[PDB]
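Residue numbers (the UniProt record's numbering), protein chains in the order written: chain A, 1 to 199; chain B, 2 to 137; chain C, 1 to 191; chain D, 457 to 608.
Built from N, CA and C at the ideal position, the CB exists for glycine as well.
Reading through the structure tokens given below for one structure.
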Amino acid sequence: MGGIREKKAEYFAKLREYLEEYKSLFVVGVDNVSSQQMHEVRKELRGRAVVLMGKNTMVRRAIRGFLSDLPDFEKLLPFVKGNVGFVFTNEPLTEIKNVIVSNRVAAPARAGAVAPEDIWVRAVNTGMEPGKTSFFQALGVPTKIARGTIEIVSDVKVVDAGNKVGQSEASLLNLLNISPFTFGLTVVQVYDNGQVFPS
Amino acid sequence: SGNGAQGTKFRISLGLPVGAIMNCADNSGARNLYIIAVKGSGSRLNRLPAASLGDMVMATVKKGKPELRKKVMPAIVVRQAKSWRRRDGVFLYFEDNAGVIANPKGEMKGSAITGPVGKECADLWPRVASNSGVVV
Amino acid sequence: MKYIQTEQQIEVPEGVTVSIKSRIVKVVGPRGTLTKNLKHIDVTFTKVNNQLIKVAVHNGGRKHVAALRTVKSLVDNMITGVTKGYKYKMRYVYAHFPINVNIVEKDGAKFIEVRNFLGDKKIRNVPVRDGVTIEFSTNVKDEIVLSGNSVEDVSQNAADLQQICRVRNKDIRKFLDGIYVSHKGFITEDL
Amino acid sequence: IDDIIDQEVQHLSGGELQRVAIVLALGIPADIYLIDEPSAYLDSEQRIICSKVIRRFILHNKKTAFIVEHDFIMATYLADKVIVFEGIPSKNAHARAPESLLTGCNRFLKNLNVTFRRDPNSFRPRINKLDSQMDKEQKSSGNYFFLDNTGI
RNA sequence: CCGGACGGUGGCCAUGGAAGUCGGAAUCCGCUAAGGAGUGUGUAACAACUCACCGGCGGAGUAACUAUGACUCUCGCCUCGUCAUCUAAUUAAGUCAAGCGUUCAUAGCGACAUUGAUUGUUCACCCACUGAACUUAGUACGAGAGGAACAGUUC
Numbered sequence: 001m002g003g004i005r006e007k008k009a010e011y012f013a014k015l016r017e018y019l020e021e022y023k024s025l026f027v028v029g030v031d032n033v034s035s036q037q038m039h040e041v042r043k044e045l046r047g048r049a050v051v052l053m054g055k056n057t058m059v060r061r062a063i064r065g066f067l068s069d070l071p072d073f074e075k076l077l078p079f080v081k082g083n084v085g086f087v088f089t090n091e092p093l094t095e096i097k098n099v100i101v102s103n104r105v106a107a108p109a110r111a112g113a114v115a116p117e118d119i120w121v122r123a124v125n126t127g128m129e130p131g132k133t134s135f136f137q138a139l140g141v142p143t144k145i146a147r148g149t150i151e152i153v154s155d156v157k158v159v160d161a162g163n164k165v166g167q168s169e170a171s172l173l174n175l176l177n178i179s180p181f182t183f184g185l186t187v188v189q190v191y192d193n194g195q196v197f198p199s
Numbered sequence: 002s003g004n005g006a007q008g009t010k011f012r013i014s015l016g017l018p019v020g021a022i023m024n025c026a027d028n029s030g031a032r033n034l035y036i037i038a039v040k041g042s043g044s045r046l047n048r049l050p051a052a053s054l055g056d057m058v059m060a061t062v063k064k065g066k067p068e069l070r071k072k073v074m075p076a077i078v079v080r081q082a083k084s085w086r087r088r089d090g091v092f093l094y095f096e097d098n099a100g101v102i103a104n105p106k107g108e109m110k111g112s113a114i115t116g117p118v119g120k121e122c123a124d125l126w127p128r129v130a131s132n133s134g135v136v137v
Numbered sequence: 001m002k003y004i005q006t007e008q009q010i011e012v013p014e015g016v017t018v019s020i021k022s023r024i025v026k027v028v029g030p031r032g033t034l035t036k037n038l039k040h041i042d043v044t045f046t047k048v049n050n051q052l053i054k055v056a057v058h059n060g061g062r063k064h065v066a067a068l069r070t071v072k073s074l075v076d077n078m079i080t081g082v083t084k085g086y087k088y089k090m091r092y093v094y095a096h097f098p099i100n101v102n103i104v105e106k107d108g109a110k111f112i113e114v115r116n117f118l119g120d121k122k123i124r125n126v127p128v129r130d131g132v133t134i135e136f137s138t139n140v141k142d143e144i145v146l147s148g149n150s151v152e153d154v155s156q157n158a159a160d161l162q163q164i165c166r167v168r169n170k171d172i173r174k175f176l177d178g179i180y181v182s183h184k185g186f187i188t189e190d191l
Numbered sequence: 457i458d459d460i461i462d463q464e465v466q467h468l469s470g471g472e473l474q475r476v477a478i479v480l481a482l483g484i485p486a487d488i489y490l491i492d493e494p495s496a497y498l499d500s501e502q503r504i505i506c507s508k509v510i511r512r513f514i515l516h517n518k519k520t521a522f523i524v525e526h527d528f529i530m531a532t533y534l535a536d537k538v539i540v541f542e543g544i545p546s547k548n549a550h551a552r553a554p555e556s557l558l559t560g561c562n563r564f565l566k567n568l569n570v571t572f573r574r575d576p577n578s579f580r581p582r583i584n585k586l587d588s589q590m591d592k593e594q595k596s597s598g599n600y601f602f603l604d605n606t607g608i
């Protein structure tokens, strides 16, 4: 916890040898995914070959590149985004994506997050007794009281992909028990053998 | 005045300072009322508190049933004698000083009131209205 | 310890020109125009380029320098108010007695008239300031909306109203009646 | 009503249904509210609960209300103006513009010819018999009712 | 400003129930960028918040009862008395923070330590009164118990 490194140039130095040891290098997104979910996802990778560290200490692929003859500089626009890791692997490119991208860990949306895909809510009885039905109506979910229970009138899209989910919107959906997205290591890039693959 | 007095009261000449004795004019068994305090009266060095028509006092019974004597209770002044003046311009006065024993809320202890009763008191204390014959 | 210079940037945008002589600022934009007097401070404004203006203090103490950012901010909100403009929303709050709010006018007036507040036998009035307009929001319940070019006039007009409805002689945590400011933003949408 | 909540309206009672209906009209916001004969099927306490209801909400909300009534006391409490109807029943009829409480009450009570002097204790209307000197005196004054107001 | 705050496990004994968070010591392991056998907020008891730490950003004895003392033995102060009686009435400032405060040191407090009767009556002690009353309103808040005001009105 104290001041002692918290290393600089030392952890970079371990990291240096790690791009060079493995053929295939991935630029990946934790941000969304819980850590029982990440930590489990990482368990899979770890048997096969392993993931290591950085900030901008990550962006220093250049030093690694400088040791060999491979990229600089030369890359398209260094794709790194908030919340990035590097996955160093034996595992060929195509398979790594199918493990990570296909098998994501369940999870519910969040308030103030941009929806990744279209959100819908179904029609049918919520099962909930009379109360503040109004809250549902505020979002643009039609509801009315039928049989002394709150029911949603119809299926409709509450939010589209690429629009943000409002704070009210999220909370009300969670009470419904409606979630739906796939969380995991969102692949943002690949290097293998002098070649750059985007998502 | 105070509790149970629904209505306000326009000032009327103070007739009865502390120590004054009025006739008891109910059928409670009390023969007279000796005034020891006026409710709602203020303070000035040396001034006796003094009551008037429809004031609630605190009295003891000097003459009357022994079950009423030796203690302090509320009463209400019903007839005056010191002449006073109404807003119709009139200076008027009764032949006696008299009031009736009553409870803090303003309920008569007795059931009749013997003699007349000035309207300003009647107007002030409903249970006094009830038991009054000739008013004013 | 006295800092030899500290400066700030006031960025200028496409639709506005701001002009300063002595320390009198005139900002003029799409939404109309705003001017404020900065003589009470001692800073040096300097134009670098139609989209940029600096403000600086030479050899200042803590407190002087502290006032320098606040000059930047003050002239920023003049600039934004002349572009995006300012909109404060307030909502009525009451447990029993419905607060009824109007707009009356005696002698070119404009006042915000508050009736019935907590049953309150008195009729409350807050004058509408100039440069500020009032809409009772359609589509929303007991929402009043104050807008205009000057954050300072909108904000204060707002607070005048909320403060005219303070409660007395009651537990103010149980008796929460009032008109509170509920949203601070801009007039032009998307932003 | 908690117990009434499950019960059907067909299954319901008269007076209970009445208070519920009056309340329902007040349930929704409106610039103007219209109520017709709220006193039906109700006893003393029940009507008077209604009287407080209409006056308080209207005052507060600053909305207007028209109430039709047969009950003397209910009209007095709620209203500020009155419309009196006249003519012959089941034949024709007529309505008037709204007029002040004193004015409207004199007209209505003049049609009946019963004065309701005042009882000093109760402050209640006290009825006056036909041909009389005391009642005759009133007819010359134009006072059918009395309240805590100035008047002879 | 914000994201992440994780597995051994709800550590161990004390355990009524104590799963990090009243308590007795002990401080490990794996994780991985960093995640304390766990800073404070804890529902009883997990959670659910949080934060650290990665990161995006002149004196005595005596009792088939207490007390008193028939008996044996030895050389007007206190007082405004108590009970009646006559009265409606009666002498006729701060620091420190260990503690309380049921949970919490400072809401509220803080040890230690430290910087008309009656009387000459003053006084004292009663008997009464009253800023009050009225509507606002038995209302708002409250399971009730209870209980407001601003406005207007009269004193």
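Can you pull the chain D residues whose beta carbon is under 7 Å from the beta carbon of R115(C), in chain order? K518
So what does DSSP say about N102(C), is it helix, strand or coil? strand
Does the beta-carbon of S556(D) have 16 or more other beta-carbons within 10 angstroms, so that it is buried, or is it exposed? exposed
Give the single residue among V135(B), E121(B) and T61(B) whose Cα lies nearest to the Cα of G20(B). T61(B)
Beta strand (DSSP E) segments (min. 3 residues) lying fully within the stretch 133 to 197 of chain A: Listed in chain order, the complete beta strand (DSSP E) runs (minimum 3 residues) inside the stretch 133 to 197 of chain A are 143 to 146, 149 to 152, 156 to 159, 186 to 192 and 195 to 197.
Let me know if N132(B) comes out buried or exposed under the rule of 16 or more other beta-carbons within 10 Å of its beta-carbon. Label assigned to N132(B): buried.
Taking only beta-carbon atoms, is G178(C) less than 9 Å away from chain D? no
Chain D contact for residue 202(C) (CB, 9 Å cutoff): Limits of chain C in this structure are 1 at one end and 191 at the other, which puts residue 202(C) out of reach.
Can you give me the start and stop residues for the alpha helix (DSSP H) that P127(B) sits inside? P127(B): member of the alpha helix (DSSP H) spanning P127 to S131, first to last residue.
Taking Cβ-Cβ distances below 7 Å as the criterion, which residues of the stretch 79 to 102 of chain C are in contact with chain D? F97, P98 and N100
Is the shortest distance between the beta-carbon of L482(D) and the beta-carbons of chain C less than 9 Å? no
Would the stretch 182 to 191 of chain A and the stretch 32 to 40 of chain B be scored as touching if the rule is three or more Cβ pairs under 8 Å? no
Can you give the Cα-Cα distance for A6(B) and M530(D), rounded to whole angstroms? Near 27 Å, if we compare the C-alpha coordinates of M530(D) and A6(B).
Taking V82(C) and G148(C) to be in contact with their CB atoms under 8 Å, please state how far apart those CB atoms are, rounded to whole angstroms. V82(C) to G148(C), Cβ: 11 Å. No contact.
Please decide whether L557(D) counts as near chain C, where near means a Cβ-Cβ distance under 9 Å. no
What first and last residue would you give for the beta strand (DSSP E) that runs through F136(C)? Secondary structure note for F136(C): its beta strand (DSSP E) is the uninterrupted segment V132 to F136.
Could you give the uninterrupted runs of the alpha helix (DSSP H) lying entirely in the stretch 50 to 136 of chain A, keeping only those of 4 residues or more? Positions of the alpha helix (DSSP H) runs, each at least 4 residues long and wholly inside the stretch 50 to 136 of chain A, are given as 61 to 67 and 93 to 102 in order along the chain.
Pick from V124(A), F135(A) and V159(A) that is closest to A146(A), judged by C-alpha positions: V124(A)
Give the secondary structure of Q474(D) by DSSP, where H, G and I count as helix, E and B as strand, and everything else as coil. helix
May I ask you to report which of helix, strand or coil DSSP gives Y94(C)? coil
Inter-residue spacing [alpha-carbon to alpha-carbon] between residue 228(A) and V181(C): No answer is possible for residue 228(A): the residues shown for chain A start at 1 and end at 199.
Does the beta-carbon of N47(B) have 16 or more other beta-carbons within 10 angstroms, so that it is buried, or is it exposed? exposed
Report buried or exposed for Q163(C), applying the criterion of at least 16 other Cβ atoms within 10 angstroms of its Cβ. Result: exposed.
Measure the beta-carbon distance from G116(B) to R80(B) and round it to whole angstroms, keeping in mind my assumption that it falls under 8 Å. 7 Å
Ranges of the beta strand (DSSP E) found wholly within the stretch 528 to 559 of chain D, counting only runs of at least 3: 542 to 544 and 548 to 550
Runs of 3 residues minimum, wholly inside the stretch 123 to 173 of chain C: which ones carry the beta strand (DSSP E) assignment? The beta strand (DSSP E) runs of length 3 or more contained entirely in the stretch 123 to 173 of chain C are, from start to end of the chain, 124 to 127, 132 to 136 and 143 to 148.
Over the uninterrupted beta strand (DSSP E) stretch that includes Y489(D), give me the two end residues. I488 to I491
Between the alpha carbons of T89(A) and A62(A), how many angstroms are there, rounded? 19 Å
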